[PDB]
């Protein structure tokens, strides 16, 4: 299966956390591919700037809806409003995360709960709401995760917990859809440190390492969802990408596929 830019054109896609960083870049890449896009985040203005830019890039359609993913009601309403704005949905890209900084964990349960709600729970709510439209178009769901969602890393405990949660939930669902013959693909993207403006401000001091370009990253995530791959791995270190996979788990799940 070879990826082609043509694959995306009459495709209707949603991109959360697209006002900046990787989400923003994906919006542009999709626009350059001339697809319908509905970007969301909290900041209304910065979102207007990305939409206009998308149209200039050739976006077949570019809209936005501002709101906070801390409120599950907005999460639901968004998928509906975004759906009618483009008359369908063929790909759901969950990319948003709550503001996260690097710190030792002490007693901030508030941040832990907020992380689980925004980084994990809303992805589930968003999925439930978009599944129907996705089943209709045999869509695809792309869940943006991190290396800290596959391995343990100090200073990002709450963040790591939410990303690990995504793997457990969405990987389990993937198996359910397989037997329930549900034609919706789920792509888990495991990313390493990326040169995002937010990432840089929070990384200088703890995560001492090379940061991959956000533009390439955003494209790799998109191509993975298009090829309907179960997982995408993108990091600046080839030695990390070499050890990040876990064949034992794949084998064990095969041996278990024979409930």
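We call the rigid core the largest set of C-alpha positions that still match within 1.5 Å between the two forms. Positions refer to the first chain, counted from 1.
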{"item": "Greater Cα displacement in 6 other deposited structures of this protein once the core is superposed, comparing 229 to 237 with 32 to 40", "value": "229 to 237"}
{"item": "Test item: residue 208 lacks coordinates in at least a third of other entries", "value": "yes"}
{"item": "Greater mean Cα temperature factor according to the PDB record, 143 to 151 or 71 to 79", "value": "71 to 79"}
{"item": "Stretch exceeding the other in mean C-alpha B-factor - 233 to 241, 5 to 13", "value": "5 to 13"}
{"item": "Candidate set 165, 86, 97, 112 [ranked by C-alpha B-factor, highest]", "value": "86"}
{"item": "Position of residue 50 among the chain's modelled residues by C-alpha B-factor, lowest, middle or highest third", "value": "highest"}
{"item": "Among modelled residues of the same chain, the CA temperature factor third for residue 222", "value": "middle"}
{"item": "Position of residue 183 among the chain's modelled residues by C-alpha B-factor, lowest, middle or highest third", "value": "highest"}
{"item": "Chain third (lowest, middle, highest) by recorded CA B-factor, residue given as residue 213", "value": "middle"}
{"item": "CA B-factor placement of residue 172, once the chain's modelled residues are sorted into thirds", "value": "lowest"}
